[PDB]
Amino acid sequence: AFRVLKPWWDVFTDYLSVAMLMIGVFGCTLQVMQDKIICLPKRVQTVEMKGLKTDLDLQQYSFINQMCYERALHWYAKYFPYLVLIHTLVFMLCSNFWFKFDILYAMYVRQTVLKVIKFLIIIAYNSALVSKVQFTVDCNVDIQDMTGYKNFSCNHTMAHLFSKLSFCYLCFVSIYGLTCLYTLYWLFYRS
């Protein structure tokens, strides 16, 4: 049993990585649902209101749905759980890297530094690209030849859920990086 040589930071990171995998599985299940985006045209042809007749079939609506999923929605907004799953696989692979490997000190600080830089890169990229998960999307695909409308407004059904999942994911990686930075401080504070 290596639990004696497993301090609190390693066990905390293990449980956090399990949480990462659970979050990624939940996000993949969210992406499993067929109904992803819902698109309606713009400028479509007490006061009584009347519904606007878009003059569109079901399959035309589905076509605009997938087209605006293609060319208007952000790639991170479409594969955020995908990146989450890949990156937690990387986390559990390189979390036991020192265990699965002055050479002892060397590979231990190598593991800590690799974990720290992965954490920092994840923080930078997530903080940069998290704002792109929006509900109201403006889509300007050129399918006027088939539908008749050149501009569309769409809604991403689970965009709020992806933003909340990204907030929880960022909190988890934040605790991860705080405990790993404490590990690095303890390692490099003394010889």
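We call the rigid core whatever largest set of C-alpha positions still superposes within 1.5 Å between the two forms. The numbering used is simple: start at 1 and walk along the sequence shown.
- Superposition on the core shows that, in 5 other deposited structures of this protein, the C-alpha atoms drift more in one of 140 to 148 and 32 to 40; this is 32 to 40.
- Where the structures in 5 other deposited structures of this protein are fitted on the rigid core, 46 to 54 is the one of 59 to 67 and 46 to 54 whose C-alphas sit farther from the shown form on average.
- According to the PDB entry, the deposited sequence contains 10 or more residues between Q45 and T46 that lack coordinates.
- Per the record, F101 and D102 are separated by a gap of 10 or more residues from the deposited sequence that were not modelled.
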